[PDB]
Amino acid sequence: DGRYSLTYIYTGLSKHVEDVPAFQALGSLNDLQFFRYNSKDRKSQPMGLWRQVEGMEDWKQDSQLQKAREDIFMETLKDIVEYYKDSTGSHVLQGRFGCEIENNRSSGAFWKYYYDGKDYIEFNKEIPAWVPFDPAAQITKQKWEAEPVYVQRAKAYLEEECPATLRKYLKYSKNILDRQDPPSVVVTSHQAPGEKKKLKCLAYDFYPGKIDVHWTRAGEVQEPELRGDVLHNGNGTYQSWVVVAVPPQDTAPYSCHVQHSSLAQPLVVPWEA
């Protein structure tokens, strides 16, 4: 088995402006975001390729969970602002947490918060306890550890629940995270009025991201004039391109090369003038 990671990110604004939800939540599986929630629509919604997956998560029930989390998260931010006696300004709280396994073996976990960008507080499941970084975080620590069960719970989530959730998700996400969708390349050229002609090689619909793409002018690996790539989450695919300008008086042969983990041997698409 390989590496897989479940990560959640919560963002709250104490004084949100128009069209910007006061709270937002999102979760990623490796390099793909599989869900999102916000305080406006108030609903846990699957994303990308997970929109078509069934039986992995009762989104209607998670919606309720997210509302719960939201209330706590926002109460947390509220209290910090109360602490610094400054509710006229706008402040943000960001929570990041999750776990990761490698070879069906839990290989890591984390749970930390940031207030106005600086480290606010984090959990050390080895004590187990909360570690404060900001003075206000001391008050939070006190609250979050008022009962002995609390740290036990936080610990249980990081070492049991989260990874359990990750294993489950992996079952329903094989046809997603373990894909080897080979790239469809496409060579094309454009002549800007006044400039040299330029050749653009485009590899698309491939997954994972790691990939090699370069032009060759006479079997010689050229230096790209402009490079670029992207990730389409809804699709769950990657695109990557390279461009080269060709001398107005050049006849040499131009071919595009594309190496990808899903190819038995590299691909070569020559450009026909």
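Residue numbers run from 1 along the displayed sequence.
The mean C-alpha temperature factor is higher for 251-259 when 251-259 and 13-21 are set side by side. Higher mean CA temperature factor, per the PDB entry, when comparing 194-202 with 111-119: 194-202. Remark: of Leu32, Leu26, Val221, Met47, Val221 shows the highest value [criterion: C-alpha B-factor in the PDB entry]. Per the deposited coordinates, the residue with the largest Cα temperature factor out of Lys43, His232, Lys210, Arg227 is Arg227. Per the PDB record, residue ranking by Cα B-factor puts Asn38 in the lowest third of the chain. For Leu158, the recorded CA temperature factor ranks within the lowest third of the chain's modelled residues. Ranked by C-alpha B-factor against the other modelled residues of its chain, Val131 falls in the lowest third.
In the deposited entry, the Cα temperature factor of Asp86 sits in the top third of values across the chain's modelled residues. Per-chain ranking of the deposited C-alpha B factor places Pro148 in the middle third.
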